[PDB]
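A.B. asks: Just need the structure, nothing else, for what follows:
(chains A, B and C)
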Amino acid sequence: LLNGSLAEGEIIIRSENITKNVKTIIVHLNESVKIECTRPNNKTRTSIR
Amino acid sequence: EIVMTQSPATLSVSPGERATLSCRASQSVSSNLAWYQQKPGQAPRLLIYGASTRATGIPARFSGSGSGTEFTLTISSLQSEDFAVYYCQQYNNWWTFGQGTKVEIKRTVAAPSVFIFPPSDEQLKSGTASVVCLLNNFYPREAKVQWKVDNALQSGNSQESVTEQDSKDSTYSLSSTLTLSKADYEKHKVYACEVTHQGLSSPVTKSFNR
Amino acid sequence: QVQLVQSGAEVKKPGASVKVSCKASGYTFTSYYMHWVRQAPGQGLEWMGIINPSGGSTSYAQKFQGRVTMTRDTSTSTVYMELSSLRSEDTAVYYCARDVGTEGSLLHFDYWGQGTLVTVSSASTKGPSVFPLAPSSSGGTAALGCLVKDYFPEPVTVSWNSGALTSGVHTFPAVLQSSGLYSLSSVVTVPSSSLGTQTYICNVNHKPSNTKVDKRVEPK
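C.D. replies: Residues are numbered from 1 along each chain as shown, chains lettered A, B, ... in the order given. Coordinates below:
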């Protein structure tokens, strides 16, 4: 999950409480981790009419 | 691992009477038990879900109640169409099933007619021998059949096949064999089928001298 | 109009692979999870695995881990299961079924396919060897019959007097012996007044091997 808000306190894990056979576990962090990405090559754009 | 078991393995019910079956778990699966009905020869259907809620399309005669580690299924006025295999399933953890139980029709207990067919000419010409013991209309489906050769007992060399309960007369048929080569058949003179039943005051033996 | 459709399968040699599948409709394919289960005659039920046709990923019981794989195709509304390294232990009827819940967690279901068989055997094929069974000679009643051995694969269909004798007849299921081949047992109970005075015919059609065999019985 990226660019979103952070949890006010500690990490909160949200889940369903009926059965343990669940589809999604959502982990909401209280601190962000920065990720840096790049595509290092340089492309020329062309155009075909 | 969720461990589920069931009891009795076989229930005997007089049609028109209510019937009960139960399931037990080693863990807590309290939020979600379910029961299924299996027809011989066909895919099963859901009867009870959410522990005690009837599945859509299920008649009011089908019910049950429980929680935690124990639950009982009840069918009011059990009808002939309701004799089936029933199973328990748990949804609180990775899905597992119990072994399952079956309900059989209760009938008057009685001994079978007992017949013997010594090996015929064609199987003996072919090189084998199979002595056939036929038991007709014994009830319940629980009996002992053993084979003798010149009064000696044999084991490890026999076959047995039993039919499904007859939906019309609630009865059974049993067929079993004494198996050996024609060469072994020729080693003895009297072949016999001896049977013991709760419907018999004494053992019944049929035999043939070859 | 929710329906599930399955294809059948042959008998494979040990070490062979099998592919089975299930088509389904009456509900959007990508809106629900599908399950595969297994049961063998005389045994209980086991869960094998789950596939999410929306994407998607799979999860399997450790029991089949490394032998079972699953795929999906959203353009045909189908799911496929494949089993490698088959053994006789896997002789079973396989089922495919639709799950329940879109809300966040899964429970269980009421829409099951018919069941498809997969068998595994070292045996190739055999026609039946059929022998008559009859008493030597009243007794009031007696049964006449037939014994069929060493056929493969099953079923073999038995009838009496070419379809004319439909009552008093008792049949047993196909049974395997140590040879890996199957046997059949069939008898008909008749009054002695209709036996010492008549003859009866056991007719067995082994459709899978394209052959038919029959034998005559009387209380010799």
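A.B. asks: what sits against residue C:19?
C.D. replies: Applying CB atoms under 8 Å, 6 or more residues apart in numbering or on different chains to residue C:19 gives the contacts C:80-82. Heads up, the C-betas are built off the backbone N, CA and C, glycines and all.
A.B. asks: Surely it is within a helix?
C.D. replies: No. Using DSSP: H, G, I helix; E, B strand; the rest coil, the secondary structure at residue C:19 is strand, not a helix.
A.B. asks: Would you agree residue B:68 is in contact with residue B:31?
C.D. replies: No. Residue B:68 lies out of contact with residue B:31 (CB atoms under 8 Å); the separation is 10.1 Å.
A.B. asks: and which of the contacts of residue C:19 is nearest residue C:199?
C.D. replies: Closest approach to residue C:199 among these (CB to CB): residue C:81, at 51.2 Å.
A.B. asks: related to what we said a few turns ago, now the buried members of the contacts of residue C:19.
C.D. replies: Those of the contacts of residue C:19 that meet the buried threshold are C:80-81, by 16 or more other CB atoms under 10 Å in any protein chain shown.
A.B. asks: Among the contacts of residue C:19, which lie within strands?
C.D. replies: If you go by DSSP state E, the contacts of residue C:19 have C:80-82 in strands.
A.B. asks: what pairs with residue B:160 across the strands?
C.D. replies: Following DSSP bridges, residue B:160 is listed with bridge partners residue B:176.
A.B. asks: my read: it touches residue B:178, true?
C.D. replies: No. If you go by CB under 8 Å, residue B:160 and residue B:178 don't touch, sitting 10.9 Å apart.
A.B. asks: Between these two, which is the more surrounded one?
C.D. replies: Neighbours were counted for residue B:160 and for residue B:178 using other CB atoms under 10 Å in any protein chain shown; residue B:178 has more, 26 against 13.
A.B. asks: For the more buried one, give me its contacts.
C.D. replies: Residue B:178 neighbours (CB under 8 Å, 6+ apart): B:129-131, B:133, B:147, B:149, B:154, B:157-158, B:191, B:193.
A.B. asks: Sticking with it, tell me its helix or strand.
C.D. replies: Per DSSP states H and E, residue B:178 falls inside strand B:173-181.
A.B. asks: wouldn't residue B:14 be in contact with residue B:106 here?
C.D. replies: Yes. Judged on CB under 8 Å, residue B:14 makes contact with residue B:106 at a distance of 4.4 Å.
A.B. asks: Between these two, which is the more surrounded one?
C.D. replies: Using other CB under 10 Å, the more surrounded residue of residue B:14 and residue B:106 is residue B:106, with 15 against 10.
A.B. asks: ok, the more buried one - contacts?
C.D. replies: Counting by CB under 8 Å, 6+ apart, residue B:106 makes contact with B:12-15, B:170.
A.B. asks: Can you lay out those residues as a markdown table showing secondary structure and distance to residue C:149?
C.D. replies: What follows is the contacts of residue B:106, written out as a markdown table (DSSP: H, G, I helix; E, B strand; the rest coil; distance: CB to CB, whole Å):
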| residue | secondary structure | distance to residue C:149 |
| --- | --- | --- |
| B:12 | strand | 35 |
| B:13 | strand | 38 |
| B:14 | coil | 40 |
| B:15 | coil | 38 |
| B:170 | coil | 31 |
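A.B. asks: Among these, which one sits closest to residue C:31?
C.D. replies: Nearest to residue C:31, judged by CB to CB, of the contacts of residue B:106 is residue B:13 at 41.3 Å.
A.B. asks: Spatially, which residue comes closest to the closest one, not counting chain neighbours?
C.D. replies: Leaving aside its sequence neighbours, residue B:13 sits nearest to residue B:19 (CB to CB, 6 or more residues apart in numbering or on different chains; 4.5 Å).
A.B. asks: So which bits of chain B are right by chain C?
C.D. replies: Chain B has residues B:32, B:34, B:42-46, B:49, B:55, B:87, B:89, B:91, B:94-100, B:113, B:115, B:117-118, B:120, B:122-123, B:126, B:128, B:130, B:132, B:134, B:136, B:159, B:161-163, B:173, B:175, B:208 near chain C, with proximity defined as CB under 8 Å from any CB of the partner chain.
A.B. asks: what helices or strands is the lengthiest helix in chain B leaning on?
C.D. replies: Counting by DSSP state H, the longest helix found in chain B is helix B:121-126. With contacts taken as 3 or more CB pairs under 8 Å, 6 or more residues apart in numbering or on different chains; DSSP states H and E, helix B:121-126 sits against helix B:182-185, strand C:129-133.
A.B. asks: Enumerate the residues of chain C near chain A.
C.D. replies: Going by CB under 8 Å from any CB, the residues of chain C near chain A are C:104-107.
A.B. asks: Just send those residues back as CSV, with distance to chain B too.
C.D. replies: As requested, these are exported to CSV (distance: CB to the nearest CB, whole Å):
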residue, distance to chain B
C:104, 14
C:105, 9
C:106, 8
C:107, 5
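A.B. asks: got the contact list for stretch B:188-199?
C.D. replies: B:109-112, B:114, B:116, B:118, B:131, B:133, B:135, B:138-140, B:142-151, B:176, B:178, B:185, B:203-210.
A.B. asks: among the residues you listed, which ones are buried?
C.D. replies: By 16+ other CB under 10 Å, these give B:111-112, B:114, B:116, B:118, B:131, B:133, B:135, B:138-140, B:143, B:145-149, B:176, B:178, B:185, B:204, B:206, B:208 as buried.
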